[PDB]
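Taken in order, the first sequence gives residues 215 to 276, 384 to 427; the numbers are from the deposited numbering. Even for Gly, the Cβ is constructed at its ideal location relative to N, Cα and C. Report on the following structure.
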Amino acid sequence: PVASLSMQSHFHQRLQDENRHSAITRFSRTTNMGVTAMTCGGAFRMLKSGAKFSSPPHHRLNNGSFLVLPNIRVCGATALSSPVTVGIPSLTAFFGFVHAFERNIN
RNA sequence: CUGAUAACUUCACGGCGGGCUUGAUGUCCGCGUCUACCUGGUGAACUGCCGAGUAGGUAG
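Written out as structure tokens, the structure reads:
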């Protein structure tokens, strides 16, 4: 996977109004990454939820082969997953976790 | 088979000095709670003697 400066400009420009979703990520240092980084040197704003966690109900009620795994705690994960969003990780990370688990246990 | 594998940010740090919130103030008038009403001991711990003795000891 690689990055598109065109998608970076699309996801860049609109959020200047909405600073509630601003996540300033200054990069390598603006010498050799490219002039598209020199254009917005310092800001590099990206997408985040704009609100913290909350309190849900897990369930209101009370195939098969349901294998139950509680209380997985992940410290030091990856939040900058896409080039443009900042928040929860990828779903291909969870897919790779599950596929590595079955390729162990088979 | 996880934008793959690896990845010690840290050391020091005196927000202090001063300060009159007060003046005045009629809440009141009126007011019928009433009618009715079975808690029961089945028969169920007796008859005597001594003690001057509502106290006190006896025999069965």
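_Please return the same chain residues whose Cβ sits closer than 6 angstroms to the Cβ of residue 264, not counting the five positions on each side in sequence._
The residue given as residue 264 occupies position 50 in the first sequence. Close CB contacts of residue 264 within its chain, under the 6 angstroms cut and outside five residues either way in sequence, are with 234 and 235 (chain order).
*asked:* Need the endpoints of the alpha helix (DSSP H) that residue 424 sits in, please.
replied: Start at 1 with the first residue of the first sequence, and residue 424 comes out as number 103. DSSP places residue 424 inside the alpha helix (DSSP H), whose first and last residues are 412-426.
*Rounded to whole angstroms, how far is the Cβ of residue 407 from the Cβ of residue 400, which I believe are closer than 8 angstroms?*
Working through the first sequence from its first residue, we reach residue 407 at position 86. Working through the first sequence from its first residue, we reach residue 400 at position 79. Indeed they touch by this definition, with Cβ atoms about 6 angstroms apart.
*Strand pairing of residue 261, partner residues [DSSP]*: Indexing the first sequence from 1 puts residue 261 at position 47. Answer is 406.
*asked:* Here's a check: name, in chain order, each residue in its chain whose Cβ is nearer than 8 angstroms to the Cβ of residue 238, leaving out the five neighbours to either side.
replied: Looking up residue 238 in the first sequence gives position 24. Excluding positions up to five away in sequence, the list reads 256, 257, 258 and 259.
*What are the boundary residues of the alpha helix (DSSP H) that residue 235 is part of?*
Taking the first sequence and counting its residues from 1, the one referred to as residue 235 is at position 21. First-last for residue 235: undefined, no H or E at that position.
*Backbone CA spacing between residue 221 and residue 385 [nearest angstrom]*: Within the first sequence, residue 221 is the residue found at index 7, counting from 1. Within the first sequence, residue 385 is the residue found at index 64, counting from 1. Going by the C-alpha atoms only, they are around 42 angstroms apart.
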